[PDB]
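Examination of the molecular architecture
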Amino acid sequence: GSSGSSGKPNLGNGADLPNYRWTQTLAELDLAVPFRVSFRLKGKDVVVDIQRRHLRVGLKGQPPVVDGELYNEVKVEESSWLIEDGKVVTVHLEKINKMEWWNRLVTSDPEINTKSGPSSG
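Residues numbered from 1 in each chain as written, not as in the entry; some residues may be left out. Heavy atoms only, no water.

What the entry reports as its method is solution NMR.

Structure, rendered in structure tokens:
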């Protein structure tokens, strides 16, 4: 009925956003930005910039759907993205450490109760 937490935890302990969906695991993180297009997207048509602690995604000319600092460092030299069905733009993010958990995609999106349980720690 009312509005509270739009971002819900998915199988990939990620967050389901109305603008896009992304998952995060002890291994690596994945982002999926669905674009309302009716044609095939070309690596040039889209603009996905991946950095150490910075990531950007969008379309040439148009405003970047995702623009903000990353929760943590991500092996950029390894990171990579690809176009899905020429409609969506998936971006793989390698977690510098497979022993680290993310709380959100960037420092702009909301956080999610990664941990759970009555335990103190």
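Considering the sheet that holds strand 1 (residues 15–16)
Cut-off, in case you're wondering: By this definition, two strands are paired if DSSP reports at least two bridges between them. In this description a helix means any DSSP run of H or I spanning at least four residues, a strand means any run of E spanning at least two, and both kinds are numbered starting from the N terminus.
Strand order in the open sheet formed by five strands is 1-2-3-8-7, with antiparallel pairing between adjacent strands. Bordering the open sheet on either side are strand 1 and strand 7 (80–84), each of which pairs with just one other strand.

A look at the pattern of salt bridges
Which entries qualify depends on this criterion: In the sections that follow, a salt bridge refers to a side-chain nitrogen of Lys or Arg positioned within 4 Å of a carboxyl oxygen of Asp or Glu. The cut-offs for exposure are 20% and 50% of the maximum accessible area for each residue type, with area from a 1.4 Å probe on protein chains only; residues under the lower value are buried, those over the upper are exposed, and the others partly exposed.
Under the defined criterion, the tally for this structure stands at three salt bridges. Its salt-bridge partner being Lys-98, residue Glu-28 comes within 3.3 Å of it at the nearest N-O pair. Residue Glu-28 is located in strand 3 (residues 28–34), and its partner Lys-98 is located in the segment after strand 8 (88–94); the two are separated by 70 residues in the primary sequence. We classify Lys-98 as partly exposed; its relative accessible area is 42%. Residues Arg-104 and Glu-111 are paired through a salt bridge, measuring 3.7 Å at the closest nitrogen-oxygen approach.

Here we look at the nonpolar core
Put simply, the test is: For our purposes a nonpolar core is just a set of buried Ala, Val, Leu, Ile, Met, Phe, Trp, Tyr and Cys residues, chained together by side-chain atoms within 4.5 Å. Any two residues whose heavy atoms approach within 4.5 Å are treated as being in contact.
Ranked by size, the top nonpolar core spans 24 residues in total, and within it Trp-22, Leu-31, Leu-55 and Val-57 carry the most contacts. Mapped by element, the contributors of at least two residues to this core are strand 3, strand 5 (54–57) and strand 8. Setting aside its immediate chain neighbours within four residues, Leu-55 contacts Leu-31, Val-48, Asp-49, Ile-50, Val-66, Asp-67, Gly-68, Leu-70, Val-91, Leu-93 and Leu-105.

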